[PDB]
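*Asks:* pasting an experimental structure with its sequence.
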Amino acid sequence: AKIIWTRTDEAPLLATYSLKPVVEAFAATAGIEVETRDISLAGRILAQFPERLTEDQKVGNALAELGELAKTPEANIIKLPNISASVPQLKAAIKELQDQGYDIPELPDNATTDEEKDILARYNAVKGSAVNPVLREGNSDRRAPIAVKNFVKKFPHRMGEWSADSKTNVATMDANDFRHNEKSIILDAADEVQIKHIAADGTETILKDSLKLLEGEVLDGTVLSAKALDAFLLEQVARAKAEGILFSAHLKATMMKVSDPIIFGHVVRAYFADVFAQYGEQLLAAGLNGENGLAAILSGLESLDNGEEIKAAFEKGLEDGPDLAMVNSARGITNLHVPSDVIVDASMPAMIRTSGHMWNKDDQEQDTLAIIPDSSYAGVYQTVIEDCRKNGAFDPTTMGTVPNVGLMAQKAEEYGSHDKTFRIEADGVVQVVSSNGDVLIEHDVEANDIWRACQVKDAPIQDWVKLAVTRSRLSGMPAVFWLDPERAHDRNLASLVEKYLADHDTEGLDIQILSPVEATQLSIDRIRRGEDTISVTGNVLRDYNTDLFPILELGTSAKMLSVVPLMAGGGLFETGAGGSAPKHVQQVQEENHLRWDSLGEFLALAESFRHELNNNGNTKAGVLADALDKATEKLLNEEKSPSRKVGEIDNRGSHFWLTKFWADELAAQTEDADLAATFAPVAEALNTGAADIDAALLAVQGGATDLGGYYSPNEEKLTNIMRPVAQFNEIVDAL
Ligand SMILES: [Mg+2]
């Protein structure tokens, strides 16, 4: 078997030149090959334009080959953070490669010829998030890492004290929202369907011409009522004001790129009711509607020149309304200024952790009314708030843990809905119409309503159920499916979960189905008494739970095990969800200190070894994984993760100590005597040499360093820089 280690960009790229040769040496003792594949920005650019290159310059299409790999049981891929290119990064990479002799074309800035149109289309496929959709052929298994959990117990993060008198609450709609208006069906056979609007006129408008659906696919349609939404919002503005608490609003403007900016605008106009009552027609005509935040409105006013008295009215709105949760007090930035500033899955746990407070204009903590307009998920957070009010803050030294198994494959549910979401222009109805003419789903709609459809396919659902059973069996933790009886979609999924659970041996396992509110309550009841509960959920709750529980248990959601069990039986082990840390590279250029933390790599690696153990029968991989868990725990115990500061332990040093501790554990274990004899002299060499090797890895730091490039660094220079101590290299390369 083979483990593919992704060669990416910037900081993780540099770490990989140090860490991968060690991983390769240790892995080979379990009969496992470790190879890199090049999915760097520069490499993916070269892959896209082979026709311009000499044979020696060519890269082969590594992303496409990894995509194919992922559809086979052979796949075992360790994926590190990589660049999702902005246009500037793309232009910089292109220029760098041209300077190095690769005759690739310029990014056209105004394609007119057919060749230019083709080149632009090819580059546009390379920019942005190009990699994740090719590699994620699966659902999600995310867990707080045990090595990090055990350290938190030793050294807990701060948890704000809660008051029984707290007035913080979530406010959410009671009716006429996506949850209550949702209708859902399961297709009997494949069908290409149409989405249509029929106005009170009779005038038909096709909203989406063709939508191919599979046999067994689950289809939902639903509407958020603009009128109910507006009525609701105006009431919450008044409530925050009467109760003397912060008005706050929590959406996902970035991911839900069609619905949530619209909803946001409704929020802004509610807060500034009097302003829109007097200048509404004019502002809306000029596109100053709040869907790009209050800051866009304010900026646009200078073009209007009755804008001065409008500016004055907004300023008056801010003095007269409830106090707003602040994004940046020093710049005067409120919750309403930029739609993407406050993002629900981050903001809600941060507020819960901070005694249920957000920050006011004086930069002091204050209770908040947290507005989450649609009611599908609001109750999870409300249930946690009420529990903290009654029982006080969670105690990270004793609390249990709540992993997540999440239905994600093929852009499941709301995260595939953006091309099926429509701002309604006129009163009437919207129909999903079958090819045969049948009307499958129908909703009444009014102008300014939001209509949305969502799809999840049957194989992803079956895979999701298998993964829930597998996680419960392997971990011993009970599993709870979070499905809301009041949602049509969740009622359909519940019937399928019941059907498919019968394909599995569940004897000895505790698996049940509860509403999201019931499930949250059970989970937190268990967590407080030190016990564990796996949350089995759809796509959005995946996104929410994988922030909420880690932030409470660990102080952060940035340090997680994230696995995507691939459809054909392989695995993808994602080391990290952040970017590739350009400032980290700057520091190495300036003073040869790499502060990049490889913890996520050590953790994903241990799970990669477990995949070989569990799916491919590799007993030695299991031994390697057990030792690696203990080595990681020791590295954290001695705080040997990289310092930020020059002259102190860096990324290369952390790799050394991790390798020393992992070898020690392999030499000390008695589960595989042959592995023990292999690593006894390795451990002895690293121990005797540790004082000298550690001093040397400190000594290389301090001065300017030449990588030979940035997007396309020189391989000889990177090797010498990232593997600078011959004494260590000799031990690794001999094993
Ligand atoms: Mg999230």
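*Replies:* Here it is on my side, so go on. Residues are numbered from 1 along each chain as shown.

*Asks:* and the residue positioned nearest the centre of the chain, which of the three is it?
*Replies:* With distances taken as Cα atoms, centre = their mean, the residue of the chain nearest its centroid is residue 577 (6.0 Å). The assignment at residue 577 comes out as coil when based on DSSP: H, G, I helix; E, B strand; the rest coil.

*Asks:* that one: what's it in contact with?
*Replies:* Counting by Cβ atoms under 8 Å, 6 or more residues apart in numbering, residue 577 touches 81, 558, 560, 562. Placement of C-beta: from N, CA and C, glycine included.

*Asks:* same question, residue 158
*Replies:* Residue 158 neighbours (Cβ under 8 Å, 6+ apart): residue 555.

*Asks:* and it, helix, strand or coil?
*Replies:* At residue 158, secondary structure determined by three-state DSSP is coil.

*Asks:* on that earlier part again, which of the contacts of residue 577 are buried, as a PyMOL select command?
*Replies:* Here is the PyMOL selection string for the buried members of the contacts of residue 577, based on 16 or more other Cβ atoms under 10 Å:
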select buried, resi 81+560+562
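
*Asks:* all strands for the stretch 1-150 of the chain, in order.
*Replies:* In the stretch 1-150 of the chain, the strands defined using DSSP state E, counting those that start in this stretch lie at 2-7, 33-38, 76-79, 140-143.

*Asks:* make that the stretch 301-450 of the chain, sorry
*Replies:* Under DSSP E, counting those that start in this stretch, the stretch 301-450 of the chain gives strands at 326-328, 333-334, 357-359, 365-371, 404-406, 421-423, 428-433, 439-445, 450-456.

*Asks:* walk me through which strands the third one pairs with, and which way each runs.
*Replies:* Using DSSP bridges, strand 357-359 pairs in its sheet with strand 365-371 (antiparallel).

*Asks:* could I get the buried residue list for the partner strand?
*Replies:* 365-371.

*Asks:* ok, back up a step: the ion: which of the strands of the stretch 1-150 of the chain is closest?
*Replies:* The minimum distance between the ion and the strands of the stretch 1-150 of the chain falls on strand 140-143, with 9.8 Å, by Cβ to the ion.

*Asks:* that closest one pairs with which strands?
*Replies:* Strand 140-143 has the following sheet partners, assigned by DSSP bridges: strand 404-406 (antiparallel), strand 561-565 (antiparallel).

*Asks:* for it, the distance to its chain's centre please.
*Replies:* 11 Å (Cα atoms, centre = their mean, to the nearest Å).

*Asks:* got it, and stretch 101-111?
*Replies:* Computed by Cα atoms, centre = their mean, the chain-centroid distance of stretch 101-111 equals 32 Å.

*Asks:* same question for stretch 66-82.
*Replies:* 18 Å.

*Asks:* stretch 159-166 too?
*Replies:* For stretch 159-166, the distance to the chain centre is 29 Å (Cα atoms, centre = their mean).

*Asks:* ok, stretch 655-670 next?
*Replies:* 32 Å.

*Asks:* tell me the buried residues in it?
*Replies:* Applying a neighbour-count criterion of 16+ other Cβ under 10 Å, one finds 655-667, 669 buried in stretch 655-670.
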